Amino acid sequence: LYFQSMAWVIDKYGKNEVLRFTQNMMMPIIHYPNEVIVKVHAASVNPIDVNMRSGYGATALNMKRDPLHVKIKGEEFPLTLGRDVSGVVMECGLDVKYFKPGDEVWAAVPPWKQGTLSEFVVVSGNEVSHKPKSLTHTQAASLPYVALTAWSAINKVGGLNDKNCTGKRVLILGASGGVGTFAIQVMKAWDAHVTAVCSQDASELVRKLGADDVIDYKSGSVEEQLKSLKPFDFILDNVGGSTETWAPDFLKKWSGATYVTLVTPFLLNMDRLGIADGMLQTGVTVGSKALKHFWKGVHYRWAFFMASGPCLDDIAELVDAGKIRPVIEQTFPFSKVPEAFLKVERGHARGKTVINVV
């Protein structure tokens, strides 16, 4: 009689033990005419998933989940994590025009929506794209969240594109993870010269992906090494913290060189101080740092993941043209999501961890 479906959900924030498997998920529902229901075939685990499991961003994300303050506390639960999906379209609302049942699609889901570690996921038409024809679901599911994060930082915030990168020198701090391994490749597709900073053991990987130079950040003479290279037109910082104290100094000055960071206290400030005071603090940091770097002749920018079907269509074109490859470290069956989370939580990513749902 009833329709039941499967998911990994959490009922409270905490350590990995909060993960719970249920075969009693309700059927997915189209609430708005621009939504699409997708059968999840594969999903990837992202550090944002492990962090959100522990409560990270809860304050800000709850405001996003319920703008009106019309829901009660703990109303996000049960919460399905997972941001990436490769799969097949089951149903569309009446305003979706470019997708239909049976299409093979991928998407990155915003953090404030129910996630993809489930049999089905509801997404908005503007977040979804036809997946690369050349990739399996497993391969494709590794890409959307990291690719869109990289795209936001590089293209949208950085202003770099296929026409203006030729012979620009790019530094990627943290080149061996999900974002970095995508970033190396999109930058080489646009003919930039790429310097990758990563651990010694990742060096072969990042070179095969197209890194021109590699710096081992534990080599103990990173400064003399960077000092020995020409300056950079662009730095993508995926490490953060102390990197900001030395890395901007290696950009060309007074030439529109840009430092973009993906590691910010945006969500942490609101967790610690609340929405109003956290947002204030974030603004003070943003404003003082932008001006201070402007005075030293560089643009300093923050960048964030942003969901985009149209950007995914551009990415799928690069994949199918052979310019971007998926980099999958490991796959886990659906029954081993907790194990996949522990692996991610242990660190030292070399590309991506994918969950096979089908």
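All residue numbers refer to positions in the sequence shown, first residue = 1.
For the pair 253-261 and 70-78, the mean Cα B-factor is higher in 70-78. Once the C-alpha B-factors are averaged per stretch, 61-69 and 327-335 rank with 61-69 first. Per the deposited record, the Cα B-factor of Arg350 falls in the lowest third when ranked against the other modelled residues of its chain.
The entry lists a Cα temperature factor for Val88 that places it in the lowest third of the chain's modelled residues. Per-chain ranking of the deposited C-alpha B factor places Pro28 in the middle third. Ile10: CA B factor in the lowest third of modelled residues in this chain (values from the PDB entry). Annotation for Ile48: C-alpha temperature factor in the middle third relative to the rest of the modelled chain, per the entry.
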